[PDB]
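So this first bit is one chain, no partners, the form solved without its partner chain, shown in structure tokens.
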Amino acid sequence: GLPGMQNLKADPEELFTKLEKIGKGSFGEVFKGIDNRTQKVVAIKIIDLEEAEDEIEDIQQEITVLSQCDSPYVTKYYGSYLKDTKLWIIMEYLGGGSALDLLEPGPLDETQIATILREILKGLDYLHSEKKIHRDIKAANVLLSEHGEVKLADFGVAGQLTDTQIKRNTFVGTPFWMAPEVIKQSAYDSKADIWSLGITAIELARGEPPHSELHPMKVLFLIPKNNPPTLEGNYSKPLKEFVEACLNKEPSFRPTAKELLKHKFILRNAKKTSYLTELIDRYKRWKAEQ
């Protein structure tokens, strides 16, 4: 069965006050909501199961993976409720928004980049130690709380490694952030997330990943064919080296998340997450215009 699936007499329309749409996730739309018993804000992903076919296997896999994570770096899963044909997935609400949204008022400085990457690395180190592969690491899937806490979201394509299945070969992810071995469907592991982290580092520095102006079909030949992307522009030598470390075509040449937590870029520039409230406040003020 479905982990965290609640009783069918539990009416989620009664238990939760469904508010405004806040975005989209894998399989459905995400709404801001209120838990009517505690009055805490939650994120609610609603999936129309009637509108799905050969996607339910993937929906169940997402819920299974989320239910298995217990980390301050991964969005918490509170349970699932079925209302007629709609599945309500209750998740932790992160009021600072995605790192992608936070880039809107303008560029990040290197302290902000290093802080966000360090927290992503904490999440990846947790997942990889649990033999899990996120497979969709990008700034849109990096969420911040109102206090500046950074967490990984969207386990829609997450993979599980076992003692009998040491590697995966499925073609999954978002083209621009995909590792060459994933695109080529070669046997891959946690190192694919290290490549996606390198692309996310470029995205946090420049605002977009490499080849962002090209059609995603073109990048399916460009990524395996071309030398890896590099970070171009007036950025620190440690930041450019952090990017190059992640973005090696040879997966065994990429460091682990644990090793990257000790990279000179991180150690010299990262600061407390509480400082990221300045970034959230900037986005709030910028939105208070538009």
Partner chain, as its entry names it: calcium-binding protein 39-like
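Residue numbers count along the first chain shown, from 1. The term rigid core refers to the most C-alpha atoms you can superpose between the two forms while keeping them within 1.5 Å.
The following text describes the form deposited with its partner chain bound, which does not appear among the structures shown.
Quick one: which of 134-142, 76-84, 176-184, 192-200 gets within 4.5 Å of its partner chain in the bound PDB entry, going by heavy atoms?
Contact criterion met by 76-84 only.
So in the bound PDB entry, is its partner chain close enough to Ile63 to count as touching (4.5 Å, heavy atoms)?
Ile63: contacts its partner chain in the bound PDB entry.
Contact between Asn248 and its partner chain in the bound PDB entry at 4.5 Å, heavy atoms?
It does not: once its partner chain is placed as it appears in the bound PDB entry, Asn248 has no heavy atom within 4.5 Å of it.
Is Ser26 close enough to its partner chain in the bound PDB entry to count, meaning some heavy atom within 4.5 Å?
Contact with its partner chain, no.
Does the 4.5 Å heavy atom contact test between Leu222 and its partner chain in the bound PDB entry come out positive?
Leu222 lies outside the contact set for its partner chain.
Position that moves between the shown form and the other one after core superposition, taken from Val30, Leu222, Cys69, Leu261, with Cα shift of 2 Å or more:
Shifted by 2 Å or more: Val30 only.
When the two forms are laid on each other by their rigid core, does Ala52 show a Cα shift of 2 Å or more between the shown form and the other one?
Indeed, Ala52 is displaced by 2 Å or more.
After a core superposition, would you say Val41 shifts its C-alpha by at least 2 Å between the shown form and the other one?
Yes: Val41 shifts by at least 2 Å between the shown form and the other one.
Taking the rigid core as the superposition reference, indicate whether the CA of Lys271 shifts 2 angstroms or more between the shown form and the other one.
After core superposition, the C-alpha of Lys271 moves less than 2 Å between the shown form and the other one.
Closer or farther in the bound PDB entry, the Cα atoms of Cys69 and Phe27, when the shift from this form is 3 Å or more
Pair moves farther apart in the bound PDB entry.
So the Cα-Cα distance between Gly28 and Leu124 shifts by 3 Å or more in the bound PDB entry; is it shorter or longer than what we see here?
The answer is farther, because the C-alphas of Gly28 and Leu124 separate from each other in the bound PDB entry by 3 Å or more.
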